[PDB]
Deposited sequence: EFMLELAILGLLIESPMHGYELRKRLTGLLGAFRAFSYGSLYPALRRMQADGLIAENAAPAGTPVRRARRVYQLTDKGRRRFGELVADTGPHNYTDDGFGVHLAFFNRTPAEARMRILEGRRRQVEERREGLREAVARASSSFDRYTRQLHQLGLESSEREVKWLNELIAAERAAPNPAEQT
């Protein structure tokens, strides 16, 4: 899902060659690694088959069915959107995400990081110095999400 969203959301901007998509895909996650070819290209073969993209490696363009399918996925606010990769991908396309969905996604993310923080507070109640590090990160991210939630309300 997060793959298709990533792909569809990139292609909507403009048509792209395989090289560009892999580059951009990697940029959406922050991997310090090309996105793997044998993860990308089978998705494109599938996404071609379902009539979401077309090919002229090559250059790839979005279909009308493609443009619609994106419009679905950007609206989606399911648990798929709250994971680290899920969130970062969706957050990219907040530009094209309705205010309602944005708000839901932010909250679903906040639930996820909140729970992480809780487990880590609980963990520190015990020589894992890494938990402490884990904790401060969560703290920062929650604080950030709250600021981002606050902004959406206003």
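Coordinate coverage of the deposited sequence breaks at 1, 58 to 68, 139 to 146, 175 to 182, these segments carrying no C-alpha atoms.
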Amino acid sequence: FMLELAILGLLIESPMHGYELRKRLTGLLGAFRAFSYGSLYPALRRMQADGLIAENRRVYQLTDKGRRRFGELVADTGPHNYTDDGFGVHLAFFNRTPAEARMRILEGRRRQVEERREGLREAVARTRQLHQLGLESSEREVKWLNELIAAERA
From here on, numbers count along this sequence of modelled residues.
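Taking the mean C-alpha B-factor of each stretch as recorded, 115 to 123 and 37 to 45 are not equal, and the higher mean is that of 37 to 45. A summary of the deposited B-factors shows that, of 26 to 34 and 104 to 112, the stretch with the larger mean C-alpha value is 26 to 34. In the deposited entry, the Cα temperature factor of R58 places it in the highest third of its chain's modelled residues. Among all modelled residues in its chain, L52 ranks in the highest third by Cα B-factor. Ranked within its chain, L11 lands in the middle third, by CA B factor from the PDB record. Ranked by Cα temperature factor within the chain, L145 sits in the lowest third according to the deposited record. In this PDB entry, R96 carries a Cα temperature factor that places it within the middle third of its chain's modelled residues.
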